[PDB]
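Notes follow once the structure below has been shown.
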Protein chains: 2
Amino acid sequence: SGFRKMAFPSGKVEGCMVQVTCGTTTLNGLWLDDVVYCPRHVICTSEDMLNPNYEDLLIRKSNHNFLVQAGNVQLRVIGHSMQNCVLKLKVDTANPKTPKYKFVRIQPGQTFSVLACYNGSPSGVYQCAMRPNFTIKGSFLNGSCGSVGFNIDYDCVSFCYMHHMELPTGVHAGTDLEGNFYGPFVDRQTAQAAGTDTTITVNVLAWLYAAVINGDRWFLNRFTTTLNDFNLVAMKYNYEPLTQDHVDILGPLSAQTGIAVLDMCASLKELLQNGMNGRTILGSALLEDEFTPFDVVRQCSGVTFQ
Amino acid sequence: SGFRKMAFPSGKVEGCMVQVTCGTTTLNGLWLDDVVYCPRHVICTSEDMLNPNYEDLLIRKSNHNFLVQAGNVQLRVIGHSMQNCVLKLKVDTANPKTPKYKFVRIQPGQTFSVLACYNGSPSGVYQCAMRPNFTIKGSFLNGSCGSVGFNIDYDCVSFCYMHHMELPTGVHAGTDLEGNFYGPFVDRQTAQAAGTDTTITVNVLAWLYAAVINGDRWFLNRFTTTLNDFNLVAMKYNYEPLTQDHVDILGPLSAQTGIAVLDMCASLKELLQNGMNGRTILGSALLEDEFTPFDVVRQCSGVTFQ
Ligand SMILES: CC(C)C[C@H](NC(=O)O[C@@H](C)c1ccccc1)C(=O)N[C@H](CO)C[C@@H]1CCNC1=O
Ligand SMILES: CC(C)C[C@H](NC(=O)O[C@@H](C)c1ccccc1)C(=O)N[C@H](CO)C[C@@H]1CCNC1=O
């Protein structure tokens, strides 16, 4: 028992990080087989970052202007191309540590682990959610770009995020690994507005199931509710609406704990209307919305990877 | 910017996990060079776990009664010995992925990353603190024992914890890698009492420095205080006393942010006396005490490992 914000084991992704330097700018790359993927602003100078024309700037670069370092080893670049907001540097050498992998574009509300890196080396790993407004609440400094977020399925690493920037409020924005930003952001040095952020209702419910599984049951009430009536109250408190697909996704938790989704909705309604009277659920004084139903099952049933 | 509960990159430790099976019981082992370290209750049956005599039970076992599996590969056991609450199984083969490592016994208040494993395979990684009462608030299921907690220094993995059990309230207890328990616990199936748990004051302060570094400054007051007067208020709210060594440890954060330790103590005093008026610090409605000063520096200055 116990419930913690757990990240995926990071080893398979650690073996793929490289450093990419183009002139003065250095950031992280992802080396899979014989291609290094990295953010395109690596070709910028500080002056270029205000108003960059990336197509222009890449025209000036040769393969040899990209210094790619894997540990102490320089990888010879033999080609380069730009795909949306990422660069693909073809290199001499296939990464012998390449895991089975996929590139995925996640949906809002979905979680993933970030391996925060500087100079091609890992600093730490944490778990994040793609927020409804297509930001993530990360921890990233100068030099972190090209860090990636991922999920694992047994042996397959699904890469879903590459880091590109920080937005006025200390939240973060990035791309899938085809270079398309999540949300309406661009890789340009400006304060960019994020949409108002909402709470991920299906994840709050999943976490309430995690609480019940772990014996923290005080918040359960005797009432039930309809999906419609719950989603009204959800609107008022800036909670995403709960769809029938979400109800289906919560099915296995519901059957394991004996508590129908809609009865859990009743309890959450009360929590939103009445707050918590300075009680905690799973050690938290706030309702937590960065565990998906699958995250709850993984942790609470001991799903492993290798 | 941003501040997250980050774990250490887990790869170096992932390469060391093995599965150890003795009859019906299976748990995790740590394979470093030609030795596998694992909890001694692996030699128990369910009946033995109530009242075990481990010396007796190990006498009955041959080297060949220990099935050690690294991935799909069975490692041949060529010797065994018991050191306090851990077994050391000497094996045929040195682990070629053994990192530079040390065994350390951490102090209460210190943090480390846990790599939660089942059947020798990783499930996830999270960060924990050794609580003042020598428990940790982990996430561990049946089969998790032999999972380890660690810190990294550049290239050196300091192993500090091996998991052995769960205590009545969903907290956890374990040993250093010489087999000595943290705290007064034993590896026996009984409800064991943990001391009352207290808050790690130096870590709360460090986290308040992390908040300031990240722009979340509302809680700072104009007052200062003396160490003595602060430690009185700390007693009342079940906070560990702050020593001069702790004040020294916070020195670098204090100099980076311009806020003397004792002035931060003044602000925390107010927080303890007045609570938070439903505000959050770094996204938390509670004062967080599982980041050490070093953890704050690592994250906020981008310290990496490889
Ligand atoms: C797109 C590219 C041209 C630069 C990008 N710009 C950026 O994020 O500008 C932020 C600071 C900003 C500007 C103006 C107004 C408000 C906010 C950038 O620096 N990305 C780094 C890459 O390593 C990661 C950043 C660094 C700090 N924290 C991160 O996550
Ligand atoms: C010492 C050894 C003989 C068994 C040990 N006993 C144990 O923890 O008993 C707990 C359940 C208990 C008993 C009585 C009263 C209150 C609590 C054990 O099972 N350790 C596993 C190992 O994999 C990890 C556990 C499993 C569940 N969560 C964990 O962390």
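Scheme for the structure tokens: letters A, B, ... for chains in order shown; per-chain residue numbers from 1; ligand numbers from 1 in order shown.
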Worksheet entry | Within 7 Å of chain B: residues of chain A, using only C-alpha atoms, as number ranges by chain | A: 1-11, 14, 118, 121-126, 137-141, 170, 285-286, 302-306
With N, CA and C atoms kept, could you save the residues just selected as a compact mmCIF listing (two decimals), in the first residue's frame?
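In the end it all went to again.txt:
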```
# COMPACT_ATOMS: atom_id res chain seq x y z
N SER A 1 0.82 -1.21 0.00
CA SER A 1 0.00 0.00 0.00
C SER A 1 0.85 1.26 0.00
N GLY A 2 0.18 2.39 -0.08
CA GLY A 2 0.82 3.67 -0.28
C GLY A 2 0.61 4.11 -1.71
N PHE A 3 0.63 5.41 -1.93
CA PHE A 3 0.41 5.92 -3.27
C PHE A 3 1.30 7.14 -3.45
N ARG A 4 2.13 7.08 -4.46
CA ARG A 4 3.15 8.06 -4.74
C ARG A 4 3.04 8.44 -6.21
N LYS A 5 3.56 9.61 -6.51
CA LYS A 5 3.63 10.10 -7.89
C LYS A 5 4.82 9.42 -8.56
N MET A 6 4.61 8.31 -9.24
CA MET A 6 5.76 7.54 -9.66
C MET A 6 6.05 7.84 -11.11
N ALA A 7 7.30 7.95 -11.46
CA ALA A 7 7.66 8.09 -12.86
C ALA A 7 8.00 6.72 -13.42
N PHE A 8 8.05 6.63 -14.73
CA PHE A 8 8.54 5.41 -15.34
C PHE A 8 10.04 5.25 -15.10
N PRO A 9 10.53 4.03 -15.01
CA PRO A 9 11.98 3.82 -15.00
C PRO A 9 12.58 4.50 -16.22
N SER A 10 13.68 5.21 -16.02
CA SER A 10 14.17 6.10 -17.06
C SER A 10 15.30 5.52 -17.89
N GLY A 11 15.78 4.32 -17.57
CA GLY A 11 16.97 3.81 -18.22
C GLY A 11 16.88 3.75 -19.73
N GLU A 14 17.44 7.06 -20.96
CA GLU A 14 18.75 7.60 -20.66
C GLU A 14 19.73 7.21 -21.74
N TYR A 118 20.43 18.13 -19.13
CA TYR A 118 21.30 19.26 -19.47
C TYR A 118 22.56 18.67 -20.09
N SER A 121 22.97 15.01 -20.51
CA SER A 121 23.03 14.17 -19.31
C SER A 121 21.78 14.33 -18.47
N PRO A 122 21.30 13.27 -17.82
CA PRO A 122 20.05 13.39 -17.07
C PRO A 122 20.24 14.07 -15.73
N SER A 123 19.27 14.90 -15.37
CA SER A 123 19.21 15.52 -14.06
C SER A 123 18.21 14.84 -13.13
N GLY A 124 17.10 14.38 -13.66
CA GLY A 124 16.11 13.72 -12.85
C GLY A 124 14.90 13.39 -13.69
N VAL A 125 13.96 12.67 -13.08
CA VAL A 125 12.80 12.20 -13.79
C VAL A 125 11.57 12.53 -12.97
N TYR A 126 10.53 13.02 -13.63
CA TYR A 126 9.30 13.24 -12.91
C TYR A 126 8.12 12.96 -13.81
N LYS A 137 3.21 21.39 -16.33
CA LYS A 137 3.76 22.04 -15.14
C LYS A 137 5.03 21.27 -14.86
N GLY A 138 6.10 21.70 -15.51
CA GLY A 138 7.37 21.02 -15.46
C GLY A 138 8.36 21.73 -14.57
N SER A 139 9.60 21.28 -14.69
CA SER A 139 10.73 21.86 -14.00
C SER A 139 11.84 21.85 -15.04
N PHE A 140 12.09 23.00 -15.65
CA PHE A 140 13.00 23.07 -16.77
C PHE A 140 13.77 24.37 -16.68
N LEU A 141 15.06 24.31 -16.92
CA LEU A 141 15.94 25.45 -16.92
C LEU A 141 16.48 25.70 -18.31
N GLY A 170 5.62 30.13 -15.46
CA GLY A 170 6.36 28.95 -15.05
C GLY A 170 5.72 27.64 -15.47
N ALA A 285 -3.82 17.86 0.50
CA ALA A 285 -4.93 18.72 0.91
C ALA A 285 -5.73 19.23 -0.27
N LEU A 286 -5.27 19.00 -1.50
CA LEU A 286 -5.96 19.35 -2.74
C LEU A 286 -6.37 18.07 -3.46
N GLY A 302 1.20 -3.16 -9.50
CA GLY A 302 2.58 -3.57 -9.62
C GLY A 302 2.98 -3.97 -11.03
N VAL A 303 2.47 -3.24 -12.02
CA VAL A 303 2.83 -3.47 -13.41
C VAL A 303 4.28 -3.07 -13.60
N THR A 304 5.06 -3.96 -14.19
CA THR A 304 6.48 -3.74 -14.44
C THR A 304 6.75 -3.66 -15.93
N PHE A 305 8.02 -3.33 -16.24
CA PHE A 305 8.47 -3.12 -17.62
C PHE A 305 9.70 -3.94 -18.03
N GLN A 306 10.90 -3.63 -17.54
CA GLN A 306 12.13 -4.16 -18.19
C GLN A 306 12.19 -3.71 -19.66
```
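In terms of minimum interatomic distance to residue 295 of chain A, A:153 ranks closest within A:34, A:216, A:56, A:153, counting only C-alpha atoms.
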Discussion item. Here is a test: counting only C-alpha atoms and all ligand atoms, which residue of B:255, B:211, B:234, B:145 is nearest to ligand 2?
Written reply: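 Closest candidate: B:145.
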Practice prompt. Write out as a list in words which residues come within 9 Å of residue 184 of chain B when counting only C-alpha atoms, dropping same-chain ones fewer than 2 positions away.
Written response: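 Once the nearby chain positions are removed, what remains is residues 134, 181, 182, 186 and 194 of chain B.
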May I have the selected residues written with N, CA and C atoms, as a PDB file, in the first residue's frame?
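Once written, again.pdb looks like this:
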```pdb
ATOM      1  N   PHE B 134      12.066   6.948  11.329  1.00  0.00           N
ATOM      2  CA  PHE B 134      12.721   5.874  10.600  1.00  0.00           C
ATOM      3  C   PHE B 134      11.772   5.015   9.794  1.00  0.00           C
ATOM      4  N   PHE B 181      18.260  -2.590  10.071  1.00  0.00           N
ATOM      5  CA  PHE B 181      17.052  -1.824   9.890  1.00  0.00           C
ATOM      6  C   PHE B 181      17.291  -0.369  10.249  1.00  0.00           C
ATOM      7  N   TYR B 182      16.642   0.502   9.509  1.00  0.00           N
ATOM      8  CA  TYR B 182      16.375   1.832  10.014  1.00  0.00           C
ATOM      9  C   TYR B 182      15.253   1.726  11.044  1.00  0.00           C
ATOM     10  N   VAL B 186      11.791  -5.030  13.012  1.00  0.00           N
ATOM     11  CA  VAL B 186      12.295  -6.363  12.727  1.00  0.00           C
ATOM     12  C   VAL B 186      11.504  -6.944  11.561  1.00  0.00           C
ATOM     13  N   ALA B 194       5.436   2.541  14.986  1.00  0.00           N
ATOM     14  CA  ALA B 194       6.403   3.577  14.686  1.00  0.00           C
ATOM     15  C   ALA B 194       6.263   4.705  15.690  1.00  0.00           C
TER      16      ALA B 194
END
```
Discussion item. I need the alpha helix (DSSP H) residues of segment 75-266 of chain A per DSSP on the backbone, written as a PyMOL selection string.
Written reply: chain A and resi 201-213+227-236+244-249+251-257+261-266
Discussion item. Can you tell me which residues surround segment 268-271 of chain A at a distance of at most 12 Å, considering only C-alpha atoms, apart from same-chain residues fewer than 5 positions away, and format the answer as a ChimeraX atom specification?
Written reply: /A:201-209,218-227,229-237,239,261-263,276-281,285-288
Using N, CA and C atoms, can you write the selected residues to a file as a compact mmCIF listing (two decimals), in the first residue's frame?
```
# COMPACT_ATOMS: atom_id res chain seq x y z
N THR A 201 -11.07 15.82 -14.74
CA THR A 201 -12.05 15.19 -13.86
C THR A 201 -11.87 13.68 -13.81
N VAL A 202 -11.68 13.04 -14.97
CA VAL A 202 -11.46 11.59 -14.96
C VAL A 202 -10.27 11.21 -14.08
N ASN A 203 -9.20 12.02 -14.08
CA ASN A 203 -8.03 11.72 -13.26
C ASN A 203 -8.30 11.93 -11.78
N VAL A 204 -9.04 12.97 -11.43
CA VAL A 204 -9.42 13.12 -10.03
C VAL A 204 -10.19 11.89 -9.57
N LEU A 205 -11.14 11.44 -10.37
CA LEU A 205 -11.89 10.25 -9.99
C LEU A 205 -10.97 9.05 -9.81
N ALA A 206 -10.03 8.88 -10.73
CA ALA A 206 -9.11 7.75 -10.64
C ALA A 206 -8.32 7.79 -9.35
N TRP A 207 -7.91 8.99 -8.95
CA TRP A 207 -7.16 9.17 -7.73
C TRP A 207 -8.02 8.93 -6.51
N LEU A 208 -9.30 9.27 -6.60
CA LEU A 208 -10.22 8.91 -5.52
C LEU A 208 -10.38 7.40 -5.43
N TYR A 209 -10.35 6.70 -6.57
CA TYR A 209 -10.33 5.24 -6.50
C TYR A 209 -9.03 4.76 -5.88
N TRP A 218 -12.97 8.31 3.90
CA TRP A 218 -13.88 9.20 4.61
C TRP A 218 -14.78 9.99 3.68
N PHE A 219 -14.32 10.33 2.50
CA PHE A 219 -15.05 11.24 1.64
C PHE A 219 -16.21 10.58 0.92
N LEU A 220 -16.39 9.26 1.05
CA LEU A 220 -17.45 8.59 0.31
C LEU A 220 -18.81 8.88 0.92
N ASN A 221 -19.75 9.37 0.12
CA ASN A 221 -21.08 9.59 0.63
C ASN A 221 -22.03 8.51 0.12
N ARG A 222 -23.22 8.51 0.70
CA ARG A 222 -24.31 7.60 0.40
C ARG A 222 -25.09 7.94 -0.86
N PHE A 223 -24.77 9.05 -1.53
CA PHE A 223 -25.62 9.50 -2.62
C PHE A 223 -25.12 8.93 -3.95
N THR A 224 -25.95 9.07 -4.98
CA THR A 224 -25.50 8.86 -6.35
C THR A 224 -25.87 10.10 -7.15
N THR A 225 -25.63 10.08 -8.45
CA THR A 225 -25.95 11.24 -9.27
C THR A 225 -26.03 10.77 -10.71
N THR A 226 -26.52 11.64 -11.58
CA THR A 226 -26.51 11.37 -13.00
C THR A 226 -25.30 12.05 -13.63
N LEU A 227 -24.84 11.49 -14.76
CA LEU A 227 -23.73 12.10 -15.47
C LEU A 227 -24.03 13.57 -15.74
N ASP A 229 -26.10 15.68 -14.22
CA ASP A 229 -26.12 16.57 -13.07
C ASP A 229 -24.71 16.76 -12.53
N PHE A 230 -23.87 15.72 -12.62
CA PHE A 230 -22.49 15.89 -12.19
C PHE A 230 -21.76 16.88 -13.09
N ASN A 231 -21.93 16.76 -14.40
CA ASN A 231 -21.19 17.63 -15.30
C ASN A 231 -21.63 19.08 -15.22
N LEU A 232 -22.82 19.36 -14.71
CA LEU A 232 -23.16 20.75 -14.43
C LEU A 232 -22.29 21.30 -13.32
N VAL A 233 -22.31 20.64 -12.15
CA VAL A 233 -21.45 21.05 -11.05
C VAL A 233 -20.00 21.10 -11.48
N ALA A 234 -19.58 20.21 -12.36
CA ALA A 234 -18.20 20.26 -12.80
C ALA A 234 -17.92 21.56 -13.52
N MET A 235 -18.84 22.00 -14.39
CA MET A 235 -18.60 23.25 -15.09
C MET A 235 -18.33 24.39 -14.11
N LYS A 236 -19.16 24.50 -13.07
CA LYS A 236 -19.04 25.64 -12.18
C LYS A 236 -17.64 25.70 -11.56
N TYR A 237 -17.05 24.55 -11.23
CA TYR A 237 -15.73 24.56 -10.61
C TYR A 237 -14.60 24.35 -11.60
N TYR A 239 -14.03 22.11 -13.94
CA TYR A 239 -13.66 20.71 -14.16
C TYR A 239 -14.10 20.33 -15.57
N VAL A 261 -18.97 4.30 -10.84
CA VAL A 261 -18.42 5.58 -11.24
C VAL A 261 -19.33 6.70 -10.76
N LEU A 262 -20.62 6.58 -11.04
CA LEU A 262 -21.54 7.66 -10.72
C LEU A 262 -21.69 7.87 -9.22
N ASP A 263 -21.45 6.84 -8.41
CA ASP A 263 -21.49 7.07 -6.97
C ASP A 263 -20.24 7.83 -6.53
N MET A 276 -12.93 20.30 1.84
CA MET A 276 -12.43 19.15 2.58
C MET A 276 -12.31 19.31 4.10
N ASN A 277 -12.71 20.43 4.68
CA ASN A 277 -12.55 20.63 6.13
C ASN A 277 -11.17 20.25 6.63
N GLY A 278 -10.17 20.69 5.89
CA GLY A 278 -8.80 20.56 6.35
C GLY A 278 -8.39 19.13 6.56
N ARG A 279 -9.04 18.22 5.86
CA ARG A 279 -8.63 16.82 5.78
C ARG A 279 -7.76 16.63 4.54
N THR A 280 -7.09 15.49 4.48
CA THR A 280 -6.26 15.16 3.34
C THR A 280 -6.76 13.87 2.74
N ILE A 281 -6.50 13.69 1.46
CA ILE A 281 -6.76 12.42 0.79
C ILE A 281 -5.43 11.98 0.22
N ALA A 285 -3.82 17.86 0.50
CA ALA A 285 -4.93 18.72 0.91
C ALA A 285 -5.73 19.23 -0.27
N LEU A 286 -5.27 19.00 -1.50
CA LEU A 286 -5.96 19.35 -2.74
C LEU A 286 -6.37 18.07 -3.46
N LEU A 287 -7.38 18.18 -4.32
CA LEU A 287 -7.75 17.08 -5.18
C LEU A 287 -6.70 16.96 -6.27
N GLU A 288 -6.16 15.76 -6.46
CA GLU A 288 -5.06 15.54 -7.40
C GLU A 288 -5.58 15.11 -8.76
```
Fill in: Neighbour list for residue 100 of chain A as number ranges by chain, cut-off 9 Å, only C-alpha atoms, skip fewer than 4 positions in-chain
A: 155-158
Fill in: atom CA of residue 18 of chain A to atom CA of residue 40 of chain A, distance in Å rounded to a single decimal
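Separating atom CA of residue 18 of chain A from atom CA of residue 40 of chain A is a distance of 14.8 Å.
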